[PDB]
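Worksheet for the structure shown next.
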Amino acid sequence: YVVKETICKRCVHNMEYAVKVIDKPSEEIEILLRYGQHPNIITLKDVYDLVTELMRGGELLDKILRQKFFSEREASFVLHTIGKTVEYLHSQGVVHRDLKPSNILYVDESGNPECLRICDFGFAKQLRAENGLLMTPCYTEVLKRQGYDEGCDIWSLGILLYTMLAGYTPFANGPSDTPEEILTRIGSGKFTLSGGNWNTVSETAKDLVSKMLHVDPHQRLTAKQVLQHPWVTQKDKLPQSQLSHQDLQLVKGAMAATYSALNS
Ligand code: NA
């Protein structure tokens, strides 16, 4: 490898790759080695004492809230792509726990949904027995946290969906928002789905967001249940008019602030 400039940093063989250098680690290497093969999970090329595929298309919001023509039809292909990958991960007993939009990148500058990749597994954990051998939800405190952590991966896709639809985040108005104001909004379980831009959004889209962001995490939807919703299944039925959106930096800043509030 011929180590080049930082974006963690790019390299060569003769082809270009990315390298994520970490300070003193094992759970991420294991998830990437057993599941990296998935088209929409970043492929691990090598591990030394980690080499991955170089993402050349930037983060999701950067494309969808800028150049790319973006309507409900396009938003549906994004949720499906990511929803299917998350459904696959949950079936294998893998929870992500950092499924914020900045961890969803494009391999190329095409904006094609197939090019989407979930890129960071540093917060990800595998459901283990105790010995511990790997366990899936299929073979039934550890199981209760997994259920809670699955619902947190769905909630995160819920805020992604909301952002894609509204062109703003459900619980933060900008980077200036404090944990106090964001945490109060989350805890209330209330969010706008009416007025202005929301008035031209489909009733099916509003139905899914409500079900994904539901106050009661028990009345919330599973990854399998999201993908079976008409908004995802019935693509022909969706509006194809450009979705309105706020300034990109403002939206990105609102997301960073939201996750900063949650991680605290
Ligand atoms: Na892959």
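Each answer follows from the model by the rule given with it, or from the source it names; no laboratory read-out is quoted. Cβ coordinates were reconstructed from backbone atoms using ideal geometry, including for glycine residues, and neighbour counts include every protein chain displayed.
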**OP:** Scan region 87-108 and give yes if some residue there is basic (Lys, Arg), assigned by CATH to the domain that holds residue 167 and over 24 Å from residue 256 (Cβ atoms), otherwise no.
**Re:** no
Subject >> Filter result for the condition that a residue is more than 30 Å from residue 181 (Cβ to Cβ), out of contact with any strand residue (DSSP E or B) (no Cβ under 8 Å at 6 or more places or on another chain) and in the same structural domain as residue 179 (by CATH), over 249, 228 >> reply: 228
Subject >> Contacts under 6 angstrom Cβ, first residue in region 13-38 being within 18 Å of residue 85 (Cβ to Cβ), partner within 15 Å of the ligand (Cβ to nearest atom) and among the hydroxyl-bearing types (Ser, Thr, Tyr), 6 or more apart >> reply: 36/43
**OP:** Tell me, please, whether a residue that is closer than 23 Å to residue 37 by Cβ and either more than 16 Å from the ligand (Cβ to nearest atom) or buried (at least 19 other Cβ atoms within 10 Å of the Cβ) (or both) can be found in region 162-173.
**Re:** no
Subject >> Residue tally, condition among the hydrophobic types (A, V, I, L, M, F, W, C) and closer than 28 Å to residue 19 by Cα, over region 121-140 >> reply: 5
**OP:** With the checklist (1) out of contact with any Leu (no Cβ under 6 Å at 6 or more places or on another chain); (2) closer than 28 Å to residue 15 by Cβ in hand, flag the one item residue 86 doesn't pass.
**Re:** (2)
**OP:** For region 136-154, indicate whether the set of residues that are part of a helix (DSSP H, G or I), over 21 Å from residue 73 (Cα atoms) and touching a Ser or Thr at 6+ places or on another chain (Cβ under 6 Å) is non-empty.
**Re:** no
Original post:
Out of (1) closer than 24 Å to residue 62 by Cβ; (2) exposed (fewer than 15 other Cβ atoms within 10 Å of the Cβ), the odd one out for residue 257 is which?
Top reply: (2)
